[PDB]
Each structure stands twice: as structure tokens, then as C-alpha cells.
Amino acid sequence: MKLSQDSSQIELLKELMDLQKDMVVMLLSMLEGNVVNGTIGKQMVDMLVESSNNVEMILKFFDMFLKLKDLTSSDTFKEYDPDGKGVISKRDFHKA
């Protein structure tokens, strides 16, 4: 969140994303030998419910960015100002 709130710092955000990807890969490797009522699955869901707020913020961040990608090319934003490259006064962007 702190890194997305500003620019000129994309590298740190990308490295943090790679670290989170490796962490969830570790979780998947822990789960890859589970049963429907596995003790490891119970431990993981307990860890999630303990870290409820953090994973909520991560999911909200991902929702925001995925919905932005879906909305920038959904109804009228791709042909709003089709003169040259992307020219948005950001006021129409906010209202849309």
C-alpha cells in the first residue's frame, strides 16, 4: 500500500510482489499433500483468520487493480479521447 501510494518506486513493489508469490508458493507446497479435513489445511485457515486484516487489504488491492484493468477497456475509456496516445484530464476518469 505504501509503495503503490507513490511513484518512482516500482522496483521495491515488484520485489515485494515476487516475495509474496514465493510465500504463497510455499503455502501451496505445504498444502499439496492435504485431505479435505487435513490438519495442515486447518492450520492454514487458522493462520488466515489470525491475519484476517492483512489478507483483506491485499485482496482489496488486487480487486482495485484488476477492476481498473477491466474498466479501462470496458465501455468508453478506450475511445474517450481517440486523438493520439492516452489523454485523460483525470476528471472524466474519476467520474467514470
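Numbering (the entry's author numbering) for the sequence shown: 3955 to 4050.
Idealized CB from N, CA, C, for every residue including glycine.
Q) Which same chain residues, not among the five before or five after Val3989, have their C-beta less than 8 Å away from its C-beta? A) Within the sequence shown, residue 3989 is the residue found at index 35, counting from 1. For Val3989, where only same-chain residues beyond five positions count, the Cβ hits under 8 Å are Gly3995.
(Q) Could you compute how far the alpha carbon of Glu4004 sits from the alpha carbon of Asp4017? (A) On the sequence shown, position 50 is the one that residue 4004 refers to. On the sequence shown, position 63 is the one that residue 4017 refers to. Cα to Cα, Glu4004 sits roughly 21 Å from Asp4017.
Q: Return the Cβ separation of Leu3967 and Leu3981 in integer angstroms, given the expectation that the two are a contact with Cβ distance under 8 Å.
A: Counting from one through the sequence shown, the residue named residue 3967 turns up at place 13. Counting from one through the sequence shown, the residue named residue 3981 turns up at place 27. Actually they are not in contact, since the Cβ atoms of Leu3967 and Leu3981 sit about 21 Å apart, beyond 8 Å.
Q | Distance between beta carbons of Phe4015 and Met3955, contact taken as under 8 Å | A | Within the sequence shown, the letter at position 1 stands for residue 3955. Within the sequence shown, the letter at position 61 stands for residue 4015. Indeed they touch by this definition, with Cβ atoms about 7 Å apart.
Q: Give the DSSP-derived three-state secondary structure of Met3955 in the structure shown.
A: Here residue 3955 refers to the residue found at position 1 of the sequence shown. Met3955 falls in the coil class under three-state DSSP.
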